[PDB]
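Protein chains in written order, with PDB author numbering: chain B, 1 to 8; chain A, 1 to 179; chain C, 2 to 238. Using N, Cα and C, we set each Cβ at its ideal position, and we do this for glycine too. Before any comments, here is the structure.
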Amino acid sequence: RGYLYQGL
Amino acid sequence: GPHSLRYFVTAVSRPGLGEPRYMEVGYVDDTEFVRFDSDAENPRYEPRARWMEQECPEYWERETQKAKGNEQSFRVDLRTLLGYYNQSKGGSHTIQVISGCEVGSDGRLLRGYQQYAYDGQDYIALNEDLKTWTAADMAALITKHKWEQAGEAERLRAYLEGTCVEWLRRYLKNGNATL
Amino acid sequence: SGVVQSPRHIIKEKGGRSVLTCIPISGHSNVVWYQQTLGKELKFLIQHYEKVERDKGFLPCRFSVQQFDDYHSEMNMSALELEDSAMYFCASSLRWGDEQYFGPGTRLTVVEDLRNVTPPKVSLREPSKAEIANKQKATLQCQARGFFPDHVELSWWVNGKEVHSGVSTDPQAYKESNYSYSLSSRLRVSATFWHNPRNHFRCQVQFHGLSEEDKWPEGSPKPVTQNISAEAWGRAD
């Protein structure tokens, strides 16, 4: 599906 | 590890020429099946293999909404890295992420990984235990502290163990059944 | 401040239903549920940002959570299985990626039979004279046993004041039988202290049993939540 990145 | 599902995320920055080119590509096993591109006229999560074309039409809206969501966050990360490292407020830069879960014949997870890279130099990565991070420079310690406080490790390892393997089962069934 | 989780202890018959509520910090928009099973690592269940689901992880189709318009969220548990008995934590970061604040956690135990719930029996054992004489440091034995499920917090009470120094409470309850657990704790006390007959040592075991709402058939007293304690006075010679 793919990851939902949250900011770094 | 016969079967592996990876995603390549790229956020090339070019200033003065507009906004960053952001794109995600996924390769079931070692063959690309989906791709997203910011520099398309009406950007959309598109299939790149025939069996993927036979997927749900709401699946594409779910993933497109998420893709545009990551484009926004990675736009801020490109700005944040310039603050972390004191780099030029103008100049091209590239953030890339390689997310994947390689599983064995038994369907159990063999290795799960996620690796951040800045201008080709490694920045941060999730350890083999899926609980800790290894920062590469002073600024990645700042990012490591943020994800430790926010609990990003618990979320990422849950995606790598559960979400990524479960959807690899679904993708593998689609591909082999018709190819 | 502080986040609020309720109820903190519930016992549910297998195949039942229950809800877990969580009140995030005032103003916090991001809420997330974590499940921790007994000993294994923290499992990510699901997170909600601004009343909408953001990322889903290990939340089964049976559990269903949703954030309300006052930003609090409830977890609806349906068709409970025995594998579901675990600890469910609620963390609430202000925004996504911001530092999160965890909760007290809800103790859910799914039982195979509600009749098998039974309160403990606490017994307090004075130290051996050979130990106080040869060692000049006495130990009081407190044995809570015969209870089910493992929903106990053992605390010591010298002179009516709770202490945490000298206590050696067991880490986990040792299950003797299929439907009977046991716990033990020893309290180091100086031999002069134990020899003062004016000192009161009481070991207290708190049991989180059946909720009032849960019906109970007669023939036996309902194993409602309760703390029972065996006390012993100091003695000299």
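Item to check | Inter-residue spacing [alpha-carbon to alpha-carbon] between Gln101(C) and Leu188(C) | outcome: As a first step, residue 101(C) must be located in the third sequence, where it is residue number 100. As a first step, residue 188(C) must be located in the third sequence, where it is residue number 187. Distance between the alpha carbons of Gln101(C) and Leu188(C) is about 37 Å.
Item to check | Contacts that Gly2(B) makes with chain C (C-beta to C-beta distance below 8 Å) | outcome: Position 2 of the first sequence, counting from 1, holds the residue named residue 2(B). Chain C residues near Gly2(B): none, gap ~11 Å exceeds 8 Å.
Checklist entry - Roughly how many whole angstroms lie between the Cα atoms of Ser178(C) and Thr132(A)? => result Sequence index remark: in the third sequence, residue 178(C) carries index 177 (1-based). Sequence index remark: in the second sequence, residue 132(A) carries index 132 (1-based). Each residue's alpha carbon lies about 38 Å from the other.
Checklist entry - What residues from chain A crowd round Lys44(C), counting only those whose CB sits closer than 7 Å? => result Stepping through the third sequence from its first residue, residue 44(C) is reached at position 43. Under the 7 Å cutoff, chain A gives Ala158.
Checklist entry - Grouping DSSP H, G and I as helix and E and B as strand, with all else coil, what is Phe69(C)? => result Looking up residue 69(C) in the third sequence gives position 68. If DSSP states are grouped into helix, strand and coil, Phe69(C) belongs with coil.
Checklist entry - What beta strand (DSSP E) runs, 3 residues minimum, are completely inside the region 78-118 of chain A? => result 93-103 and 109-118
Next on the checklist: Going by DSSP, what residue range makes up the beta strand (DSSP E) through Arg116(C)?
Outcome noted: As a working note, residue 116(C) is residue 115 in the third sequence. Per DSSP, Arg116(C) belongs to no beta strand (DSSP E) and is neither H nor E.
Checklist entry - Got a sec? Which residues, its chain only, sit under 7 Å from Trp51(A) by beta carbon, not counting five neighbours each side? => result Taking the second sequence and counting its residues from 1, one reaches residue 51(A) at position 51. Excluding positions up to five away in sequence, the list reads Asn174, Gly175, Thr178 and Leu179.
Next on the checklist: Please classify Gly120(A) as buried or exposed, where buried requires at least 16 neighbouring CB atoms within 10 angstroms.
Outcome noted: Position 120 of the second sequence, counted from the first residue, corresponds to residue 120(A). It counts as exposed.
Next on the checklist: I'd like the span of the beta strand (DSSP E) that includes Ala233(C), first residue to last.
Outcome noted: Numbered from 1 along the third sequence, position 232 holds the residue referred to as residue 233(C). From DSSP, the beta strand (DSSP E) with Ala233(C) extends over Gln227 to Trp234.
Item to check | Nearest neighbour of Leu39(C), chosen from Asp56(C), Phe90(C) and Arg203(C) [CA to CA] | outcome: For the purposes of this step, residue 39(C) is taken as the residue at position 38 of the third sequence. The candidate whose alpha carbon is nearest that of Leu39(C) is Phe90(C).
Next on the checklist: Looking at chain A, is there any beta carbon in it that lies within less than 7 Å of the beta carbon of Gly106(C)?
Outcome noted: The residue you call residue 106(C) lines up with position 105 of the third sequence. Cβ-Cβ to chain A under 7 Å: no for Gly106(C).
Checklist entry - Going by C-alpha distance, which of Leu60(C), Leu184(C) and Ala237(C) is nearest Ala139(C)? => result Along the third sequence, one-based indexing puts residue 139(C) at 138. Among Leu60(C), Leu184(C) and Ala237(C), the Cα nearest to that of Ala139(C) is on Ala237(C).
Item to check | Nearest to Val33(C) (by Cα), restricted to the options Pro222(C), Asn160(C), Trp234(C) and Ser94(C) | outcome: Against the third sequence, residue 33(C) aligns to sequence position 32. Per the Cα distances, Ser94(C).
Checklist entry - Should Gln65(A) be labelled buried (16 or more other beta-carbon atoms within 10 Å of its own) or exposed? => result Residue mapping note: residue 65(A) aligns to position 65 of the second sequence, counting from 1. Answer is exposed; the Cβ neighbour count stays below 16.
Item to check | Rounded C-alpha distance that separates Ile124(A) from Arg79(A) | outcome: For this step, residue 124(A) is matched to residue 124 along the second sequence. For this step, residue 79(A) is matched to residue 79 along the second sequence. Spanning the two alpha carbons is a distance of roughly 17 Å.
Item to check | Simplified DSSP assignment, three categories, for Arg189(C) | outcome: Start at 1 with the first residue of the third sequence, and residue 189(C) comes out as number 188. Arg189(C): strand per DSSP, three-state reduction.
Item to check | Residue range of the alpha helix (DSSP H) that includes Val165(A) | outcome: Counting from one through the second sequence, the residue named residue 165(A) turns up at place 165. It spans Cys164 to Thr178 - the alpha helix (DSSP H) in which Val165(A) sits, taken as one unbroken run.
Checklist entry - Between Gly1(A) and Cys23(C), what straight-line distance do the alpha-carbon atoms span, to the nearest angstrom? => result Counting from 1 along the second sequence, the entry for residue 1(A) is found at position 1. Counting from 1 along the third sequence, the entry for residue 23(C) is found at position 22. Each residue's alpha carbon lies about 41 Å from the other.
Checklist entry - Across which residues does DSSP place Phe148(C) in a beta bridge pair? => result The sequence position of residue 148(C) within the third sequence is 147, counting from 1. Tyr182(C).
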